[PDB]
Structures are given as C-alpha cells and as structure tokens.
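Participant: Can you read through this structure? Questions will come right after.
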Amino acid sequence: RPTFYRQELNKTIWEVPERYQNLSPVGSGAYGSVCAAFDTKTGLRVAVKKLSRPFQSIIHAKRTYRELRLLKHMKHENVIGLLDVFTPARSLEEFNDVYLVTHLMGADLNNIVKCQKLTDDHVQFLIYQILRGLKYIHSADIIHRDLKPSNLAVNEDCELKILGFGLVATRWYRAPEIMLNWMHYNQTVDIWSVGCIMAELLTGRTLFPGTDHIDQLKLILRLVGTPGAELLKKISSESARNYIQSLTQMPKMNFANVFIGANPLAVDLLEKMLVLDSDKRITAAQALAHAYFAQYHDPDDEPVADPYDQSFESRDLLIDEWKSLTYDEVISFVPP
Ligand SMILES: Cn1nc(C(C)(C)C)cc1NC(=O)Nc1ccc(Cl)cc1
Ligand SMILES: CCCCCCCCO[C@@H]1O[C@H](CO)[C@@H](O)[C@H](O)[C@H]1O
C-alpha cells in the first residue's frame, strides 16, 4: 500500500498516493472532478479523476462499477484506458472514494474545430483514429451512443482517444433512430455520429444544429431526403410517420454540392456513413479500408478487443453489492 497525503481542492478533500504530485484542477465533471498531476514513477503528467458520490444510489453505484469494468478492459491507443485506480480506504467497510488515473490529453476535438482551420490531412488522421478506436470498441460488443467532439480527446500531436465522459452537444451527433427511440439499435448509431463529426471538421460548421429533437429530424431529412417505402414500413410509430411524411417530400441533396471543395474521397465516405438505413451504413471495419484512409490504413495494426463480459448490465443489485464488486475490481487492478 502507498502512503497517502490529503489536500483540499475546490471544497473537497483529495487523498492520493504520494506518487502523484502537484495536483492542479483541470475541470469537471458530471460524475467527477479531474486534476492534472505529476506521476513521479514515470515522469509523465497524468489525469486523476475523483469520482463524486460514486455510491450515492444504485444508479451511481452501477455507473461506478461500469467505470472500473470498462476502463480496465479498454486497451487501445485510440481509447481511454486505466493507468491506475486507487482508494485511500483500507478494507471494504471504509470504501467510499474512487480515483481514476488516465493519460492527460489537454484538449478535446471541439477546441480544435473552433480554433484551427483543419487541412484534409488532419481530417484523414483524426477520423481514421476515431474509426480505429471504434472498431476496437465495437468488437467488444459496446456501443458508444454519445460520440461527439467533447468526448474526443486530442493532444498537440493530433493523436486522439475516444472517451465516454467529456471534460458540443449531444443531439446534433445523434443517429435519427435514437431520437425516434427505436430501442433497439445497432453499432452503426456511432457511424452516424462519426459522419456528423467528419462533416463538421471539413466545413467548420455543425452539420445538423437542431434546436430540439423534432428540429433535428427536419434537418437530417433536408440533407438525406425523405425515407423510401422500404424504410417507412419499419416505423411503428404513427406520429413519427405523420411527422416524417408531413415534411413535403424532400429530395436527397447532392453531397457533392453540400461538401463542395472537400476531397471527393471524403464526400464518398460521408455518403456511406450518413445513410438513414442503419443496416446500410458502413461499419468501422469497412470504413478503415475506404480509400480516403489509404495513407493511414494498416489491416495488421487495427486490433480488436478481448471478449468483454457485460452481463452485469443485466443485473439489478443493491448498492453494497455494486460497491463490493467495484472494490474487488480496484484491488485486482494490474497496471500496464
Ligand atoms: C462511460 N465510458 N464509456 C467509455 C467507452 C465507451 C469509450 C469505453 C469510456 C467511458 N468512461 C470514461 O470516459 N471515463 C473517464 C474517466 C476518467 C477521465 Cl479523466 C475521463 C473519462
Ligand atoms: C429522420 C427520420 C428518418 C428515420 C430513420 C430511419 C432509421 C432506419 O434505420 C433502422 O434502424 C433500426 C434500429 O436499429 C433497425 O431495426 C432497422 O432495420 C433500420 O432500418
């Protein structure tokens, strides 16, 4: 066991191993608060997140366990993973606080889009890394469901990691079937989001800046056109059908025109991502093999995940059970 020291940072007591020096608040945090720290073992600056009421309720407790399970599993260059996890608690009886340690990235993609005029090469590299992480995430049977610029961490090298918890958002990036509810969806909900992100990096404009869920659907249809018969048949909802069909039939736009000036290989890929029919959307694995990424794609360096046990997602457990399982995950942790 490490020696711990305590320090008040913005009205809470942080208690961390002496390994972690010079804690400096960098943001928050739905969910938690994050400091930058100097890792004396490695000589690298890291992110330390103190969780924030991790066992408040059953929902918090399960979210907490999910953090430990996800982050201990994620082992990929373009996906957030765990450098360390600790608690000052000796024994389960005392177990109340959880700290996560991960790479300190310094900026998110929203910061980059708003400041920098990105070249085509930047868009190639950035989207390539997202798709590479996403291939890995999807191979573990995980759907992100909230891919957006603020959930994408980027360093000065333009290296990128996908995160689940941010610090533009969120309905702008959301697949149409999610806002129709549907239930009940596939992995390509994430591919829709990638298309929205990619479009935005190319043009410097939000592709579908809806004011609400209903405006969002309008804007999507403007671009992609009214669904054909084979798609309209699948919509159970009468009011969704009336809304869709009452929009005075929209012709699919010429993506060539909407994205004029863009690399035509970028446009071709966007057409394959931003398809209404989620069955017909390109997968992450297929997208990596698209010609747009010819300069980056290496089929021998786009790995998949070890199988991931998320049967826990099924369970309705008590707080102390989630807590005890989380505690077990903290104790069994082996660093990279
Ligand atoms: C909820 N969640 N889902 C994922 C994916 C799907 C990307 C594995 C990752 C996460 N969780 C996080 O992104 N958690 C997290 C922890 C510490 C910091 Cl400093 C920032 C973020
Ligand atoms: C803007 C409103 C247009 C409606 C979008 C149509 C969505 C089509 O995507 C649908 O997704 C479902 C859930 O994964 C699947 O069960 C269907 O097979 C698939 O066709």
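Chain lettering (A, B, ...) mirrors the order of the structure tokens, residue numbering begins at 1 for each chain separately, and ligand numbering begins at 1 in order of display.
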Considering only C-alpha atoms and all ligand atoms, tabulate each residue of chain A that lies at most 9 Å from ligand 1 along with its nearest interatomic pair and the corresponding distance in Å to one decimal; arrange the rows by chain and ascending residue number and present them as JSON lines.
Facilitator:
```
{"residue": "A:28", "atom": "CA", "partner": "ligand 1", "partner_atom_place_in_ligand_line": "19 (Cl)", "distance": 8.9}
{"residue": "A:29", "atom": "CA", "partner": "ligand 1", "partner_atom_place_in_ligand_line": "20 (C)", "distance": 8.8}
{"residue": "A:32", "atom": "CA", "partner": "ligand 1", "partner_atom_place_in_ligand_line": "17 (C)", "distance": 8.3}
{"residue": "A:33", "atom": "CA", "partner": "ligand 1", "partner_atom_place_in_ligand_line": "19 (Cl)", "distance": 8.1}
{"residue": "A:34", "atom": "CA", "partner": "ligand 1", "partner_atom_place_in_ligand_line": "19 (Cl)", "distance": 5.9}
{"residue": "A:35", "atom": "CA", "partner": "ligand 1", "partner_atom_place_in_ligand_line": "19 (Cl)", "distance": 8.2}
{"residue": "A:46", "atom": "CA", "partner": "ligand 1", "partner_atom_place_in_ligand_line": "19 (Cl)", "distance": 8.8}
{"residue": "A:47", "atom": "CA", "partner": "ligand 1", "partner_atom_place_in_ligand_line": "19 (Cl)", "distance": 5.4}
{"residue": "A:48", "atom": "CA", "partner": "ligand 1", "partner_atom_place_in_ligand_line": "19 (Cl)", "distance": 6.1}
{"residue": "A:49", "atom": "CA", "partner": "ligand 1", "partner_atom_place_in_ligand_line": "19 (Cl)", "distance": 5.1}
{"residue": "A:50", "atom": "CA", "partner": "ligand 1", "partner_atom_place_in_ligand_line": "17 (C)", "distance": 8.6}
{"residue": "A:51", "atom": "CA", "partner": "ligand 1", "partner_atom_place_in_ligand_line": "17 (C)", "distance": 8.5}
{"residue": "A:63", "atom": "CA", "partner": "ligand 1", "partner_atom_place_in_ligand_line": "1 (C)", "distance": 7.9}
{"residue": "A:66", "atom": "CA", "partner": "ligand 1", "partner_atom_place_in_ligand_line": "1 (C)", "distance": 7.3}
{"residue": "A:67", "atom": "CA", "partner": "ligand 1", "partner_atom_place_in_ligand_line": "11 (N)", "distance": 5.8}
{"residue": "A:68", "atom": "CA", "partner": "ligand 1", "partner_atom_place_in_ligand_line": "11 (N)", "distance": 8.8}
{"residue": "A:70", "atom": "CA", "partner": "ligand 1", "partner_atom_place_in_ligand_line": "8 (C)", "distance": 5.6}
{"residue": "A:71", "atom": "CA", "partner": "ligand 1", "partner_atom_place_in_ligand_line": "9 (C)", "distance": 6.4}
{"residue": "A:73", "atom": "CA", "partner": "ligand 1", "partner_atom_place_in_ligand_line": "8 (C)", "distance": 8.3}
{"residue": "A:74", "atom": "CA", "partner": "ligand 1", "partner_atom_place_in_ligand_line": "8 (C)", "distance": 6.3}
{"residue": "A:79", "atom": "CA", "partner": "ligand 1", "partner_atom_place_in_ligand_line": "7 (C)", "distance": 6.2}
{"residue": "A:80", "atom": "CA", "partner": "ligand 1", "partner_atom_place_in_ligand_line": "9 (C)", "distance": 6.3}
{"residue": "A:81", "atom": "CA", "partner": "ligand 1", "partner_atom_place_in_ligand_line": "9 (C)", "distance": 7.9}
{"residue": "A:82", "atom": "CA", "partner": "ligand 1", "partner_atom_place_in_ligand_line": "16 (C)", "distance": 8.2}
{"residue": "A:99", "atom": "CA", "partner": "ligand 1", "partner_atom_place_in_ligand_line": "17 (C)", "distance": 8.7}
{"residue": "A:100", "atom": "CA", "partner": "ligand 1", "partner_atom_place_in_ligand_line": "17 (C)", "distance": 5.9}
{"residue": "A:101", "atom": "CA", "partner": "ligand 1", "partner_atom_place_in_ligand_line": "17 (C)", "distance": 6.8}
{"residue": "A:102", "atom": "CA", "partner": "ligand 1", "partner_atom_place_in_ligand_line": "19 (Cl)", "distance": 5.9}
{"residue": "A:103", "atom": "CA", "partner": "ligand 1", "partner_atom_place_in_ligand_line": "19 (Cl)", "distance": 7.7}
{"residue": "A:104", "atom": "CA", "partner": "ligand 1", "partner_atom_place_in_ligand_line": "19 (Cl)", "distance": 7.4}
{"residue": "A:133", "atom": "CA", "partner": "ligand 1", "partner_atom_place_in_ligand_line": "7 (C)", "distance": 8.6}
{"residue": "A:134", "atom": "CA", "partner": "ligand 1", "partner_atom_place_in_ligand_line": "7 (C)", "distance": 8.5}
{"residue": "A:137", "atom": "CA", "partner": "ligand 1", "partner_atom_place_in_ligand_line": "8 (C)", "distance": 6.6}
{"residue": "A:142", "atom": "CA", "partner": "ligand 1", "partner_atom_place_in_ligand_line": "6 (C)", "distance": 6.6}
{"residue": "A:143", "atom": "CA", "partner": "ligand 1", "partner_atom_place_in_ligand_line": "6 (C)", "distance": 6.7}
{"residue": "A:144", "atom": "CA", "partner": "ligand 1", "partner_atom_place_in_ligand_line": "6 (C)", "distance": 4.7}
{"residue": "A:145", "atom": "CA", "partner": "ligand 1", "partner_atom_place_in_ligand_line": "6 (C)", "distance": 8.1}
{"residue": "A:146", "atom": "CA", "partner": "ligand 1", "partner_atom_place_in_ligand_line": "6 (C)", "distance": 8.6}
{"residue": "A:147", "atom": "CA", "partner": "ligand 1", "partner_atom_place_in_ligand_line": "7 (C)", "distance": 8.6}
{"residue": "A:151", "atom": "CA", "partner": "ligand 1", "partner_atom_place_in_ligand_line": "13 (O)", "distance": 7.6}
{"residue": "A:161", "atom": "CA", "partner": "ligand 1", "partner_atom_place_in_ligand_line": "7 (C)", "distance": 8.5}
{"residue": "A:162", "atom": "CA", "partner": "ligand 1", "partner_atom_place_in_ligand_line": "7 (C)", "distance": 5.4}
{"residue": "A:163", "atom": "CA", "partner": "ligand 1", "partner_atom_place_in_ligand_line": "13 (O)", "distance": 3.9}
{"residue": "A:164", "atom": "CA", "partner": "ligand 1", "partner_atom_place_in_ligand_line": "13 (O)", "distance": 3.5}
{"residue": "A:165", "atom": "CA", "partner": "ligand 1", "partner_atom_place_in_ligand_line": "13 (O)", "distance": 4.0}
{"residue": "A:166", "atom": "CA", "partner": "ligand 1", "partner_atom_place_in_ligand_line": "21 (C)", "distance": 6.3}
{"residue": "A:167", "atom": "CA", "partner": "ligand 1", "partner_atom_place_in_ligand_line": "20 (C)", "distance": 6.8}
```
Participant: Could you pull out all residues of segment 94-292 of chain A with a DSSP call of helix (DSSP H, G or I) and give them as an NGL selection string?
Facilitator: :A and (94 or 109-115 or 120-139 or 149-151 or 171-173 or 176-179 or 189-203 or 213-224 or 229-232 or 238-245 or 255-258 or 264-273 or 278-280 or 284-288 or 291-292)
Participant: Output the neighbourhood of ligand 2 as a PyMOL selection string, that is, all protein and nucleic acid residues with some atom at most 6 Å from the ligand, counting only C-alpha atoms and all ligand atoms.
Facilitator: chain A and resi 176-177+182+184-186+217+220-221+231+276-279
Participant: Suppose we keep C-alpha atoms; can you now write the selection as a compact mmCIF listing (two decimals), in the first residue's frame?
Facilitator:
```txt
# COMPACT_ATOMS: atom_id res chain seq x y z
CA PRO A 176 -32.12 9.55 -36.20
CA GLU A 177 -33.36 6.20 -34.78
CA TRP A 182 -36.48 2.71 -31.69
CA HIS A 184 -33.23 -1.41 -30.03
CA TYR A 185 -30.36 -0.26 -32.26
CA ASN A 186 -27.08 -1.35 -33.72
CA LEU A 217 -35.17 15.20 -37.66
CA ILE A 220 -31.43 15.42 -41.21
CA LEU A 221 -34.22 14.89 -43.82
CA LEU A 231 -37.68 2.33 -44.63
CA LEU A 276 -30.78 6.71 -42.94
CA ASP A 277 -30.97 2.88 -43.08
CA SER A 278 -28.67 1.71 -40.29
CA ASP A 279 -28.44 -1.72 -41.98
```
Participant: Find the residues near residue 96 of chain A: any atom within 9 Å, counting only C-alpha atoms, skip ones fewer than 2 places away on the same chain, and give them as a list in words.
Facilitator: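 Once the nearby chain positions are removed, what remains is residues 53, 54, 55, 87, 88, 89, 92, 93, 94, 98 and 323 of chain A.
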Participant: Which is closest to residue 301 of chain A among A:199, A:72, A:179, A:77, if we use only C-alpha atoms?
Facilitator: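 Nearest candidate to residue 301 of chain A out of A:199, A:72, A:179, A:77: A:77.
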Participant: Using only C-alpha atoms, find the one residue out of A:252, A:135, A:222, A:75 that sits nearest to residue 306 of chain A.
Facilitator: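 Selected residue with least distance to residue 306 of chain A: A:75.
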Participant: Report as an NGL selection string all protein, DNA and RNA residues lying within 12 Å of residue 160 of chain A, evaluated on only C-alpha atoms, omitting residues in the same chain fewer than 3 positions from it.
Facilitator: :A and (76-80 or 103-109 or 112 or 122-123 or 125-134 or 149-157 or 163)
Participant: Find, counting only C-alpha atoms, the residue in A:30, A:330, A:274, A:319 that gets nearest to residue 56 of chain A.
Facilitator: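 Counting only C-alpha atoms, the residue closest to residue 56 of chain A is A:319.
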Participant: Tell me which of A:191, A:331, A:318, A:260 sits closest to residue 58 of chain A, counting only C-alpha atoms.
Facilitator: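 For residue 58 of chain A, the nearest of the given residues is A:318.
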Participant: Write out as a PDB file with N, CA, C and O atoms, in the first residue's frame each polymer residue whose atoms come within 7 Å of segment 287-297 of chain A, counting only C-alpha atoms; drop sequence neighbours fewer than 3 positions from it.
Facilitator:
```pdb
ATOM      1  N   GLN A 124      -8.266  13.374 -42.312  1.00  0.00           N
ATOM      2  CA  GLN A 124      -7.923  11.977 -42.562  1.00  0.00           C
ATOM      3  C   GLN A 124      -7.423  11.307 -41.311  1.00  0.00           C
ATOM      4  O   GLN A 124      -7.893  10.215 -40.969  1.00  0.00           O
ATOM      5  N   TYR A 128      -9.658   8.725 -39.037  1.00  0.00           N
ATOM      6  CA  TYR A 128      -9.001   7.412 -39.033  1.00  0.00           C
ATOM      7  C   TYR A 128      -8.838   6.870 -37.607  1.00  0.00           C
ATOM      8  O   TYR A 128      -9.180   5.716 -37.334  1.00  0.00           O
ATOM      9  N   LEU A 131     -12.222   5.939 -36.035  1.00  0.00           N
ATOM     10  CA  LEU A 131     -12.725   4.697 -36.604  1.00  0.00           C
ATOM     11  C   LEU A 131     -11.925   3.513 -36.080  1.00  0.00           C
ATOM     12  O   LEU A 131     -12.483   2.456 -35.834  1.00  0.00           O
ATOM     13  N   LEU A 265     -13.011  11.881 -52.106  1.00  0.00           N
ATOM     14  CA  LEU A 265     -12.972  10.660 -51.305  1.00  0.00           C
ATOM     15  C   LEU A 265     -13.618  10.843 -49.929  1.00  0.00           C
ATOM     16  O   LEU A 265     -14.244   9.921 -49.429  1.00  0.00           O
ATOM     17  N   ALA A 266     -13.492  12.038 -49.347  1.00  0.00           N
ATOM     18  CA  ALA A 266     -14.177  12.382 -48.092  1.00  0.00           C
ATOM     19  C   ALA A 266     -15.697  12.364 -48.273  1.00  0.00           C
ATOM     20  O   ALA A 266     -16.424  11.767 -47.474  1.00  0.00           O
ATOM     21  N   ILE A 282     -21.989   2.049 -43.422  1.00  0.00           N
ATOM     22  CA  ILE A 282     -20.669   1.435 -43.400  1.00  0.00           C
ATOM     23  C   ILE A 282     -20.311   1.141 -41.928  1.00  0.00           C
ATOM     24  O   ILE A 282     -20.673   1.910 -41.022  1.00  0.00           O
ATOM     25  N   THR A 283     -19.631   0.026 -41.678  1.00  0.00           N
ATOM     26  CA  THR A 283     -19.164  -0.276 -40.317  1.00  0.00           C
ATOM     27  C   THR A 283     -17.795   0.360 -40.127  1.00  0.00           C
ATOM     28  O   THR A 283     -17.174   0.786 -41.097  1.00  0.00           O
ATOM     29  N   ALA A 284     -17.321   0.435 -38.887  1.00  0.00           N
ATOM     30  CA  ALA A 284     -15.974   0.951 -38.608  1.00  0.00           C
ATOM     31  C   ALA A 284     -14.872   0.185 -39.370  1.00  0.00           C
ATOM     32  O   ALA A 284     -13.988   0.789 -39.986  1.00  0.00           O
TER      33      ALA A 284
END
```
Participant: DSSP on the backbone: what in segment 150-335 of chain A comes out strand (DSSP E or B), as a PyMOL selection string?
Facilitator: chain A and resi 152-154+160-162
Participant: Which one of A:271, A:39, A:120, A:141 sits closest to residue 310 of chain A if you count only C-alpha atoms?
Facilitator: A:141
